[PDB]
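A short write-up of the structure that comes next.
Nothing in this text is a laboratory measurement; each read-out follows from the coordinates by a stated rule. Cβ sites come from the backbone with ideal geometry, for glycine too, and all protein chains shown count toward neighbours.
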Amino acid sequence: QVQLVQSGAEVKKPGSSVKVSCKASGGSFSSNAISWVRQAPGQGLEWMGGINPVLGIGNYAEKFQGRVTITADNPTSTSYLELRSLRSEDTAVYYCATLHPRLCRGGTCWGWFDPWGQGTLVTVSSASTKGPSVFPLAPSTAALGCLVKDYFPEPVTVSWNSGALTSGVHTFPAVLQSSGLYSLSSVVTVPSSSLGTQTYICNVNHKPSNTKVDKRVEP
Amino acid sequence: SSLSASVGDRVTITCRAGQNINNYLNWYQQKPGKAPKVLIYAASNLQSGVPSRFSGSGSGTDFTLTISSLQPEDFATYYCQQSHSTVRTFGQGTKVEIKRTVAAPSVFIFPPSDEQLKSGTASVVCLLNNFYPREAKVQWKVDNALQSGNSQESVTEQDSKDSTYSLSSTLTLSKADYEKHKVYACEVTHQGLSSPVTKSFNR
């Protein structure tokens, strides 16, 4: 009710099962008052389910009346969200939020959500972990960059000159290939006199594979 | 889903409904990278802590949410939430973008790295740097053959200090398919470009 706190990122495989928690810590709480809204990357929101006040068991959206099961542990005050038959369209950020009921004219209550959990990311692809590939991008107000071209899953960091260069640096949002791996490119604009006079090195760290590669760029 | 405005303009977002949801529409605000927070509930009830610029109205079918004067921390996405016995929807969302004057894209092209061609894949990078508005289209040409299906645009969010976008279209071929062609032209057209810029290279 004051501090909805969620489990953490889960990579899963098609046909599989995720179970996400929502801690609802702090002061007085009702774990039966937590609902679950889902957000699919790049676009808007859809509520998934809540819990019936008169029954104590879940109530879910028509699009998930199949294999969803939210459960409310009243003592430990958490809400577990279990989504199975995972597909690729089910890859999204899953929020929990405390429902403030305003009208219940079924067996279900709905009204508005006040505290929202921090959100856990469920990436589900048929692919498996792989480290990134770094390809330098050379210069001819002159730009240079690095291409991180085939890794999985999403989280990857890019630095320049081991942290010094932070001006004109960009690093774009990654794109997902039909193959299944992620690729992003990071560029920086630098003056045409510091070509050769200053060496530019980018640092790429992909912890999911413990891959920390650095590749420098020369004209 | 997108509205461009600058600090001190007044924006009001209408959110119509199909049936009669009386007073059960809420407004949420979402900033990139964070969960939603409620601003108004019960159509008009400001939630404690949200500034007084925010003003929700309407009843029955047409519902509004106004900001009397935009401030820097007002530029985020706003969803209206229907929640009735008739409809139980969220919104498409409406993104307020921070307005500026048009900027011409600084273009760059990057032929495949020597180290990359050793892998059998050959990826060509184009780069559009610091532009406004976001609306810009790149066009890949290989020997005057127009490309449409191997490229992959990805664009940033409005810069914190430039209020400008940067777009990076990447054309990826197989090493083999790469060697068959001479000209690799990346044509970009923008609002702030008097005539479309092309940045070619011969392999």
**Prompt:** Cα atoms only, region B:60-203: Rg and Dmax in Å?
**Reply:** 20.8, 65
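Could you give me D for region A:1-49, from Stokes-Einstein at 10 °C and 1.306 mPa s, where the hydrodynamic radius is the Kirkwood radius over C-alpha pairs? Units µm² s⁻¹, please.
Details: Rh = 12.9 Å.
The Stokes-Einstein estimate is 123 µm²/s.
Taking only the C-alpha atoms, wrap a convex hull around region B:2-98 and report its volume per residue in Å³ as a whole number. Mind dumping the intermediate values first?
Values: hull volume 8.9 nm³, N = 97.
Here the figure is 91 Å³ per residue.
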**Request:** Over 20 Å between C-alpha atoms is what I'm after, so list which of A:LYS12/A:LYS130; B:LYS141/B:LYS175; A:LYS212/B:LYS175; A:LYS12/A:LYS207 land there.
**Result:** A:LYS212/B:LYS175
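Take each of the peptides A:11-19, B:144-152, average the number of other beta-carbon atoms within 10 Å over its residues, and list them starting from the highest. Please list the in-between numbers first.
Numbers: A:11-19: 14.1, B:144-152: 11.8.
By packing density, highest mean first, the sequence is A:11-19, B:144-152.
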**Message:** Based on C-alpha coordinates, I'd like the Rg and Dmax of region A:10-124, in Å.
**Reply:** 13.5, 38
**Complete:** Log entry: pair-distance distribution for chain A, C-alpha pairs binned every 10 Å from zero, whole % per bin is 8, 27, 23, 18, 14, 7, 2, 0
**Message:** Can I get the semi-axes of region A:134-217's equivalent ellipsoid? Compute them from the C-alpha gyration tensor as square roots of 5 times the eigenvalues, in angstrom, largest first.
**Reply:** 24, 13, 10
**Residues of type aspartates and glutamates that B:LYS182 reaches as a straight line, Cα spacing below 15 Å, ignoring anything fewer than 8 places off in the same chain** = B:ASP143
**Request:** Go ahead and set up a Gaussian network model of chain B, Cα springs under 10 Å, then flag whichever of B:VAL38, B:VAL102, B:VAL87 fluctuates most.
**Result:** B:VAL87
**Prompt:** By DSSP, what percent of the beta bridges with both residues in region A:134-217 are antiparallel, rounded to the nearest 5?
**Reply:** 95 percent
**Asked** Within 10 Å of each Cβ of A:168-177, how many other protein chain Cβ atoms are there on average?
**Response** 4
**Item:** Gap separating the Cα centres of region B:141-203 and region B:15-60, nearest whole Å
**Value:** 41 Å
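Would you mind giving the mean number of other chain beta-carbons within 10 Å of the Cβ of each residue in B:33-43, as a whole number?
Working: counts 1, 3, 14, 8, 4, 7, 0, 1, 6, 4, 0.
Rounded to a whole number, the mean comes out at 4.
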**Dimensions in Å of the protein assembly as shown - Rg and Dmax from alpha carbons** = 24.4, 73
**Fill in**
Expressed in angstrom and rounded, the centroid-to-centroid distance over alpha carbons for region A:135-165 and region A:1-40 is 34 Å
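From other protein chains only, count the Cβ atoms within 10 Å of every residue's Cβ in A:45-58, then give the mean. Walk me through the numbers on the way to the answer.
Details: counts 10, 3, 5, 0, 0, 0, 0, 0, 0, 0, 0, 0, 0, 0.
Across the residues of A:45-58, the mean count of other-chain Cβ atoms within 10 Å is 1.
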